[PDB]
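Asks: Below you will find the structure I want to go over with you.
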Amino acid sequence: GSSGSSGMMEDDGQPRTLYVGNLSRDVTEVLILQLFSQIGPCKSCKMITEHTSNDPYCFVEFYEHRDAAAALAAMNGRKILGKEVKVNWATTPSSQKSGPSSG
């Protein structure tokens, strides 16, 4: 019911996966884990280079949300190998409940 009141937040499942894009052809799975490791523990990293047209991309999963968020912002548009890498929250359709906002 569209109204103006204090928002609410329920416990569903904090995100622990981030999408890394704009990675240099020199960047590797081990390299990423090294930089991200400095911030927090990395559960697993999968570098995908299926798309050649555009720069490659890799996924970084952390043990906790605090680490993923910290590494995400720290790595978010960070300079690596002379190439700025973009890091954002890897969203998934898994979730059923959907309710965007309006601006």
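Identifiers in the structure tokens: chain A, B, ... in order shown; residue index from 1 per chain; ligand index from 1 in order shown.
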Which neighbours of residue 80 in chain A fall inside 9 Å, counting only C-alpha atoms, when residues of the same chain fewer than 3 positions from it are skipped, and could you give them as a list in words?

Replies: residues 23, 24, 27, 83, 84 and 85 of chain A

Asks: Counting only C-alpha atoms, what is within 12 Å of residue 33 in chain A, bar same-chain residues fewer than 4 positions away, as a list in words?

Replies: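 The neighbour list is residues 20, 27, 28, 29, 37, 38, 39, 40, 41, 42, 43, 44, 45, 46, 47, 58, 59, 60, 61, 62, 71 and 75 of chain A.
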
Asks: Between CA of residue 87 in chain A and CA of residue 21 in chain A, what distance in Å does the model show, to one decimal?

Replies: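 These two atoms are separated by 6.5 Å.
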
Asks: DSSP on the backbone, strand (DSSP E or B) only: what residues of range 17-64 of chain A does that give? Format it as number ranges by chain.

Replies: A: 17-21, 42-48, 57-62

Asks: Store the residues picked out above in a file with N, CA, C and O atoms, as a PDB file, in the first residue's frame.

Replies:
ATOM      1  N   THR A  17      28.134 -13.024  -3.413  1.00  0.00           N
ATOM      2  CA  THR A  17      28.761 -13.147  -4.723  1.00  0.00           C
ATOM      3  C   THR A  17      28.805 -11.803  -5.441  1.00  0.00           C
ATOM      4  O   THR A  17      27.840 -11.039  -5.410  1.00  0.00           O
ATOM      5  N   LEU A  18      29.931 -11.520  -6.086  1.00  0.00           N
ATOM      6  CA  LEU A  18      30.101 -10.267  -6.813  1.00  0.00           C
ATOM      7  C   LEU A  18      30.558 -10.527  -8.245  1.00  0.00           C
ATOM      8  O   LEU A  18      31.277 -11.488  -8.515  1.00  0.00           O
ATOM      9  N   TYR A  19      30.137  -9.660  -9.160  1.00  0.00           N
ATOM     10  CA  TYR A  19      30.503  -9.794 -10.566  1.00  0.00           C
ATOM     11  C   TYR A  19      31.629  -8.832 -10.930  1.00  0.00           C
ATOM     12  O   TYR A  19      31.494  -7.617 -10.787  1.00  0.00           O
ATOM     13  N   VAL A  20      32.741  -9.385 -11.404  1.00  0.00           N
ATOM     14  CA  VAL A  20      33.891  -8.578 -11.791  1.00  0.00           C
ATOM     15  C   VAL A  20      33.994  -8.460 -13.308  1.00  0.00           C
ATOM     16  O   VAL A  20      34.124  -9.462 -14.011  1.00  0.00           O
ATOM     17  N   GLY A  21      33.936  -7.228 -13.807  1.00  0.00           N
ATOM     18  CA  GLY A  21      34.025  -7.003 -15.237  1.00  0.00           C
ATOM     19  C   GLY A  21      35.142  -6.047 -15.606  1.00  0.00           C
ATOM     20  O   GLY A  21      35.760  -5.438 -14.733  1.00  0.00           O
ATOM     21  N   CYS A  42      38.027 -15.593   0.291  1.00  0.00           N
ATOM     22  CA  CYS A  42      37.252 -15.864  -0.916  1.00  0.00           C
ATOM     23  C   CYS A  42      36.893 -17.342  -1.012  1.00  0.00           C
ATOM     24  O   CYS A  42      37.771 -18.204  -1.075  1.00  0.00           O
ATOM     25  N   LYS A  43      35.596 -17.632  -1.020  1.00  0.00           N
ATOM     26  CA  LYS A  43      35.120 -19.007  -1.107  1.00  0.00           C
ATOM     27  C   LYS A  43      35.577 -19.660  -2.406  1.00  0.00           C
ATOM     28  O   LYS A  43      36.125 -20.764  -2.397  1.00  0.00           O
ATOM     29  N   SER A  44      35.353 -18.974  -3.522  1.00  0.00           N
ATOM     30  CA  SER A  44      35.741 -19.489  -4.829  1.00  0.00           C
ATOM     31  C   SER A  44      35.598 -18.413  -5.902  1.00  0.00           C
ATOM     32  O   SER A  44      34.729 -17.546  -5.815  1.00  0.00           O
ATOM     33  N   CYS A  45      36.458 -18.477  -6.912  1.00  0.00           N
ATOM     34  CA  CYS A  45      36.430 -17.508  -8.002  1.00  0.00           C
ATOM     35  C   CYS A  45      36.391 -18.213  -9.355  1.00  0.00           C
ATOM     36  O   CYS A  45      37.179 -19.122  -9.617  1.00  0.00           O
ATOM     37  N   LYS A  46      35.468 -17.788 -10.210  1.00  0.00           N
ATOM     38  CA  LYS A  46      35.324 -18.377 -11.536  1.00  0.00           C
ATOM     39  C   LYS A  46      35.469 -17.317 -12.622  1.00  0.00           C
ATOM     40  O   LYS A  46      34.609 -16.449 -12.773  1.00  0.00           O
ATOM     41  N   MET A  47      36.561 -17.392 -13.376  1.00  0.00           N
ATOM     42  CA  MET A  47      36.815 -16.439 -14.450  1.00  0.00           C
ATOM     43  C   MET A  47      36.189 -16.913 -15.758  1.00  0.00           C
ATOM     44  O   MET A  47      36.559 -17.961 -16.289  1.00  0.00           O
ATOM     45  N   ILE A  48      35.241 -16.136 -16.270  1.00  0.00           N
ATOM     46  CA  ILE A  48      34.565 -16.478 -17.515  1.00  0.00           C
ATOM     47  C   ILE A  48      34.989 -15.546 -18.645  1.00  0.00           C
ATOM     48  O   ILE A  48      34.856 -14.325 -18.542  1.00  0.00           O
ATOM     49  N   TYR A  57      35.209 -11.380 -17.663  1.00  0.00           N
ATOM     50  CA  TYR A  57      34.623 -11.150 -16.347  1.00  0.00           C
ATOM     51  C   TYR A  57      34.762 -12.387 -15.466  1.00  0.00           C
ATOM     52  O   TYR A  57      34.782 -13.516 -15.959  1.00  0.00           O
ATOM     53  N   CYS A  58      34.857 -12.167 -14.160  1.00  0.00           N
ATOM     54  CA  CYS A  58      34.993 -13.263 -13.207  1.00  0.00           C
ATOM     55  C   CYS A  58      34.089 -13.050 -11.998  1.00  0.00           C
ATOM     56  O   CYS A  58      33.720 -11.919 -11.678  1.00  0.00           O
ATOM     57  N   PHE A  59      33.735 -14.142 -11.330  1.00  0.00           N
ATOM     58  CA  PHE A  59      32.872 -14.075 -10.158  1.00  0.00           C
ATOM     59  C   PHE A  59      33.669 -14.321  -8.879  1.00  0.00           C
ATOM     60  O   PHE A  59      34.536 -15.192  -8.835  1.00  0.00           O
ATOM     61  N   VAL A  60      33.366 -13.547  -7.843  1.00  0.00           N
ATOM     62  CA  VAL A  60      34.053 -13.681  -6.564  1.00  0.00           C
ATOM     63  C   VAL A  60      33.060 -13.886  -5.424  1.00  0.00           C
ATOM     64  O   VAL A  60      32.271 -12.995  -5.110  1.00  0.00           O
ATOM     65  N   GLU A  61      33.106 -15.063  -4.811  1.00  0.00           N
ATOM     66  CA  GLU A  61      32.209 -15.384  -3.707  1.00  0.00           C
ATOM     67  C   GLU A  61      32.948 -15.330  -2.373  1.00  0.00           C
ATOM     68  O   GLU A  61      34.013 -15.927  -2.215  1.00  0.00           O
ATOM     69  N   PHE A  62      32.373 -14.610  -1.414  1.00  0.00           N
ATOM     70  CA  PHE A  62      32.978 -14.476  -0.094  1.00  0.00           C
ATOM     71  C   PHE A  62      32.260 -15.357   0.925  1.00  0.00           C
ATOM     72  O   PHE A  62      31.166 -15.859   0.666  1.00  0.00           O
TER      73      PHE A  62
END

Asks: For a test of reading the model, state the distance in Å between CA of residue 65 in chain A and CA of residue 16 in chain A, rounded to one decimal.

Replies: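 Going from CA of residue 65 in chain A over to CA of residue 16 in chain A covers 5.2 Å.
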
Asks: Have a look at CA of residue 88 in chain A and CA of residue 73 in chain A and let me know their distance in Å, one decimal.

Replies: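 Value for the CA of residue 88 in chain A-CA of residue 73 in chain A distance: 8.2 Å.
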
Asks: Measuring between only C-alpha atoms, which one of A:96, A:101, A:22, A:49 shows the shortest distance to residue 76 in chain A?

Replies: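 Looking at the shortest contact to residue 76 in chain A, the residue is A:22.
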
Asks: Go through A:51, A:97, A:25, A:86 and flag the residue nearest residue 74 in chain A, using only C-alpha atoms for the distances.

Replies: A:86

Asks: A:4, A:78, A:14, A:26: which is nearest residue 56 in chain A, counting only C-alpha atoms?

Replies: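 Comparing A:4, A:78, A:14, A:26 against residue 56 in chain A, the winner is A:26.
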
Asks: Quick one: of A:93, A:81, A:13, A:3, who's nearest to residue 31 in chain A, counting only C-alpha atoms?

Replies: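 Among A:93, A:81, A:13, A:3, it is A:81 that comes nearest to residue 31 in chain A.
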
Asks: Find the residue from A:8, A:89, A:94, A:15 that sits nearest to residue 64 in chain A; use only C-alpha atoms when measuring.

Replies: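 That would be A:15, the residue with the smallest distance to residue 64 in chain A.
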
Asks: Among chain A, which residues does DSSP mark as helix (DSSP H, G or I) when it is run on the backbone? Keep the chain and numbering as in the structure and answer as a list in words.

Replies: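 Reading the DSSP output for chain A, helix (DSSP H, G or I) covers residues 29, 30, 31, 32, 33, 34, 35, 36, 37, 38, 39, 65, 66, 67, 68, 69, 70, 71, 72, 73, 74 and 75 of chain A.
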
Asks: Would you export the selected residues with N, CA, C and O atoms as a CSV table (one decimal), in the first residue's frame, please?

Replies:
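The resulting part.csv:
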chain,number,residue,atom,x,y,z
A,29,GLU,N,42.4,-15.8,-12.5
A,29,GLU,CA,41.6,-16.2,-11.3
A,29,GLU,C,42.4,-16.1,-10.0
A,29,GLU,O,41.9,-15.6,-9.0
A,30,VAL,N,43.6,-16.5,-10.1
A,30,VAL,CA,44.5,-16.5,-8.9
A,30,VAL,C,44.8,-15.0,-8.5
A,30,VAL,O,44.8,-14.7,-7.4
A,31,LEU,N,45.0,-14.2,-9.5
A,31,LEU,CA,45.3,-12.8,-9.3
A,31,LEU,C,44.2,-12.1,-8.6
A,31,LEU,O,44.4,-11.4,-7.5
A,32,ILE,N,43.0,-12.3,-9.1
A,32,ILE,CA,41.8,-11.7,-8.4
A,32,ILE,C,41.7,-12.1,-7.0
A,32,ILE,O,41.5,-11.3,-6.1
A,33,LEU,N,41.8,-13.4,-6.8
A,33,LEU,CA,41.7,-14.0,-5.4
A,33,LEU,C,42.7,-13.4,-4.5
A,33,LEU,O,42.5,-13.3,-3.3
A,34,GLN,N,43.9,-13.0,-5.1
A,34,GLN,CA,45.0,-12.5,-4.3
A,34,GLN,C,44.6,-11.1,-3.8
A,34,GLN,O,44.7,-10.8,-2.6
A,35,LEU,N,44.1,-10.2,-4.7
A,35,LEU,CA,43.7,-8.9,-4.3
A,35,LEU,C,42.5,-8.9,-3.4
A,35,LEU,O,42.5,-8.2,-2.4
A,36,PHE,N,41.5,-9.7,-3.7
A,36,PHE,CA,40.3,-9.8,-2.9
A,36,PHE,C,40.6,-10.4,-1.6
A,36,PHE,O,40.0,-10.1,-0.6
A,37,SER,N,41.6,-11.4,-1.6
A,37,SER,CA,42.0,-12.1,-0.4
A,37,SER,C,42.5,-11.1,0.7
A,37,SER,O,42.3,-11.3,1.9
A,38,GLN,N,43.2,-10.1,0.2
A,38,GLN,CA,43.8,-9.1,1.1
A,38,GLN,C,42.7,-8.5,2.0
A,38,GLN,O,43.0,-8.1,3.1
A,39,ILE,N,41.5,-8.4,1.5
A,39,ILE,CA,40.4,-7.8,2.2
A,39,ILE,C,39.7,-8.9,3.0
A,39,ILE,O,39.5,-8.7,4.2
A,65,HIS,N,28.8,-11.7,4.2
A,65,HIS,CA,28.3,-10.5,3.4
A,65,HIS,C,29.2,-9.3,3.7
A,65,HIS,O,29.4,-8.5,2.8
A,66,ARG,N,29.7,-9.2,4.9
A,66,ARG,CA,30.5,-8.1,5.3
A,66,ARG,C,31.8,-8.0,4.5
A,66,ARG,O,32.2,-6.9,4.1
A,67,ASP,N,32.4,-9.2,4.2
A,67,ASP,CA,33.6,-9.3,3.3
A,67,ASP,C,33.2,-8.9,1.9
A,67,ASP,O,33.9,-8.1,1.3
A,68,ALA,N,32.2,-9.5,1.4
A,68,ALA,CA,31.8,-9.2,0.0
A,68,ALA,C,31.5,-7.7,-0.2
A,68,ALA,O,31.9,-7.2,-1.3
A,69,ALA,N,30.8,-7.1,0.7
A,69,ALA,CA,30.5,-5.7,0.6
A,69,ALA,C,31.8,-4.8,0.7
A,69,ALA,O,31.9,-3.9,-0.1
A,70,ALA,N,32.7,-5.2,1.6
A,70,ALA,CA,33.9,-4.5,1.8
A,70,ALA,C,34.8,-4.6,0.5
A,70,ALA,O,35.3,-3.6,0.0
A,71,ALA,N,35.0,-5.8,0.0
A,71,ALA,CA,35.8,-6.1,-1.1
A,71,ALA,C,35.1,-5.5,-2.4
A,71,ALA,O,35.8,-5.0,-3.3
A,72,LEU,N,33.8,-5.5,-2.4
A,72,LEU,CA,33.0,-5.0,-3.6
A,72,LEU,C,33.3,-3.5,-3.8
A,72,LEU,O,33.6,-3.1,-4.9
A,73,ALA,N,33.1,-2.8,-2.7
A,73,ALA,CA,33.4,-1.3,-2.7
A,73,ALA,C,34.8,-1.0,-3.0
A,73,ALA,O,35.2,-0.1,-3.8
A,74,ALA,N,35.7,-1.7,-2.3
A,74,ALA,CA,37.2,-1.5,-2.4
A,74,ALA,C,37.6,-1.9,-3.8
A,74,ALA,O,38.5,-1.2,-4.4
A,75,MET,N,37.1,-2.9,-4.4
A,75,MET,CA,37.4,-3.4,-5.7
A,75,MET,C,36.5,-2.7,-6.8
A,75,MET,O,36.9,-2.7,-8.0
